[PDB]
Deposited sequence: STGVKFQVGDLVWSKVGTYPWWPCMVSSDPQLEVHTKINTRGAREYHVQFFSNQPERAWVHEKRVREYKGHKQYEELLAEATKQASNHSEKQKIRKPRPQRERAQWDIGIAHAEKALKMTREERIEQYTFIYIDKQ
């Protein structure tokens, strides 16, 4: 277990760029980490966005969030640059603004301020 509940992380999921997240406990399984059906470690994350979402993300697709400027280092893992949809960039900028606010908080404070409420 490399990450704990309330840790800020970048997550790389599907067709989307490295996204600011916060590690959290899955509401059903009540764990923030598990070993998947392929034997790989996964972490449960909340995505910082105007559209709240959660996901189990493979450990190779999770990186410690040190600050928004770290983004370029993640892509680095004539020169080619991919464009981004205007709407996606707007939501990413919103997520980053939340992550930057969360970064100035203690783990205890950000868990209090950002952990999602789940309704059946």
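By the record, the deposited chain contains unmodelled runs at 1-3, 81-91, 135-136, with no C-alpha atoms placed there.
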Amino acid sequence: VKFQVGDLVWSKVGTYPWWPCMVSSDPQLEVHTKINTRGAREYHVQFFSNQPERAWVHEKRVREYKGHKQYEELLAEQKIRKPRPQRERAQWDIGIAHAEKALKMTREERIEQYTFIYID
From here on, numbers count along this sequence of modelled residues.
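For clarity, a rigid core is taken as the largest C-alpha set superposing within 1.5 Å between two forms.
Between 23-31 and 84-92, greater CA displacement relative to the shown form is found for 84-92 when the structures in 8 other deposited structures of this protein are fitted on the core. Core superposition of the other structures onto this form places the C-alphas of 37-45 farther off in 8 other deposited structures of this protein than those of the other stretch among 56-64 and 37-45. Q78 is a gap in at least a third of the other entries compared, counting only those with both neighbours built. With 17-25 and 100-108 compared on mean CA B-factor from the PDB entry, the stretch scoring higher is 100-108. Remark: stretch with higher mean C-alpha B factor among 84-92 and 39-47 is 84-92.
Per the deposited record, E73 carries the highest C-alpha B-factor of all listed residues (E59, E64, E53, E73). Compared with the other modelled residues of the chain, the Cα B-factor recorded for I119 ranks in the highest third.
Among the modelled residues of the chain, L8 sits in the lowest third by CA temperature factor in this PDB entry.
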